[PDB]
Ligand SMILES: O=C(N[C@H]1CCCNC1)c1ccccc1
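As a starting point, one isolated chain is supplied in structure tokens, in the form solved without ligand KF8.
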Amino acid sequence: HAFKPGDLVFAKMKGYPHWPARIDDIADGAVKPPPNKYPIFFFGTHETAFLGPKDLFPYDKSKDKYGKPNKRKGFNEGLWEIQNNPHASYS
């Protein structure tokens, strides 16, 4: 399984806990990711950033480890989104 738009993940950024997220499509006209990176939409914060596979943990495999509440802002909101409506428009 190569990563494709719509895949659910936990995504790791420096300074944050593994974060509920999804692989997004590239909008027409938008900036494209660097070589071998993906557009990642973060649940709860609703931000997008470019990340590579080393920082992407498939949701089903990883949810037992990473899918638990914490106090960081937006996180529990993000957990609700990935669990209840992961494919919604958050625009």
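Position 1 is the first residue in the sequence shown; the rest follow in order.
Keep in mind that the form solved in complex with ligand KF8 is not shown, yet the notes after this line are about it.
Q: According to a 4.5 angstroms non-hydrogen atom cut-off, is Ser62 in contact with ligand KF8 in the deposited bound form?
A: Result no; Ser62 lies far from ligand KF8 in the deposited bound form.
Q: Against ligand KF8 in the deposited bound form, would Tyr16 count as a contact residue? Criterion: heavy atoms within 4.5 Å.
A: Looking in the deposited bound form, residue contacts with ligand KF8 include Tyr16, since a heavy atom lies within 4.5 Å.
Q: Does ligand KF8 come within 4.5 Å of any heavy atom of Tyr38 in the deposited bound form?
A: Outside the cut-off, so no.
Q: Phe42: heavy atom within 4.5 Å of ligand KF8 in the deposited bound form?
A: Residue-level check for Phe42: yes, a contact with ligand KF8.
Q: Pull the contact list for 46 to 61: residues with a heavy atom within 4.5 Å of ligand KF8 in the deposited bound form, in sequence order.
A: If the 4.5 Å heavy-atom criterion is applied to ligand KF8 in the deposited bound form, 46 to 61 yields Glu47, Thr48, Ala49.
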